[PDB]
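Backbone-built Cβ (ideal geometry, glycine too); neighbour counts: all protein chains shown. Taken together, the values in this text are just the output of simple stated rules run on the coordinates, not laboratory data.
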Amino acid sequence: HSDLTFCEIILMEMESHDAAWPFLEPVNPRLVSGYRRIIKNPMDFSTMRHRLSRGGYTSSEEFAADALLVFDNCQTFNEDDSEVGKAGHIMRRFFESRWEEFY
Ligand SMILES: CCc1c(-c2csc(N3CCNC[C@@H]3C(=O)NCCCCO)n2)[nH]c(C)c1C(C)=O
Ligand SMILES: [Mg+2]
């Protein structure tokens, strides 16, 4: 049940990644017009860190579900050629590759 250890490794690496800047904190819907209306389930790296710190993950699969939610939301709201969108593609490819070179 120490897939949570690899969750720790991968989350540390995403948190320190250069392209992680759009995802370190929750999006503030007061500052982003339309975000609340379009994104039903917001997610971000600090929320995953908090959930992991309090033992809120029962398996690596739901951790991965939150991670993929970050980048699904990113691609849903932001254009692929937007700055946040580009960072999201870099981060998504990073997560998929790291997650697969363990499982
Ligand atoms: C595009 C908003 C965004 C971010 C995000 C996090 S910091 C940031 N920066 C700050 C400095 N340069 C401009 C840009 C910005 O516009 N900051 C105001 C909005 C911050 C509300 O929290 N952008 N991350 C995701 C997943 C986003 C969206 C819309 O999906
Ligand atoms: Mg693939």
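Filtering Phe94, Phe102 for residues that are within 16 Å of ligand 2 (Cβ to nearest atom), within 26 Å of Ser2 (Cα to Cα) and either loosely packed, with under 13 Cβ neighbours inside 10 Å or of a type in the set (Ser, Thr, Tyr) (or both) leaves a single hit, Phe102. Checking the range 31-43 against the condition returns no match, with no residue being among the polar types (S, T, N, Q), assigned to a helix (DSSP H, G or I) and in contact (Cβ under 8 Å) with a residue 12 or more places away in the chain. Just so you know, in the range 2-30 the residues that are touching a residue at least 24 places away in the same chain (Cβ under 8 Å), in contact with a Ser or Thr (Cβ under 8 Å, 6 or more places away or on another chain) and not charged (D, E, K, R) include one that is nearest to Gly85 (Cα to Cα), and it is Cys7.
With respect to the conditions (1) surrounded by 15 or more Cβ atoms within 10 Å (Cβ to Cβ); (2) in a helix (DSSP H, G or I); (3) touching a helix residue (DSSP H, G or I) at 6+ places or on another chain (Cβ under 9 Å), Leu69 lacks only one, and its number is (3). Against the list (1) touching a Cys at 6+ places or on another chain (Cβ under 9 Å); (2) closer than 15 Å to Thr5 by Cα; (3) in a helix (DSSP H, G or I), the condition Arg49 fails is (1). Checking each residue in the range 35-90 for being over 18 Å from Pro22 (Cα atoms) and within 16 Å of ligand 2 (Cβ to nearest atom) picks out only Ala64. Looking only at residues of the range 74-91 that are away from ligand 1 (no atom under 12 Å from the Cβ) and in a helix (DSSP H, G or I), we find that the one that is surrounded by the fewest Cβ atoms within 10 Å (Cβ to Cβ) is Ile90.
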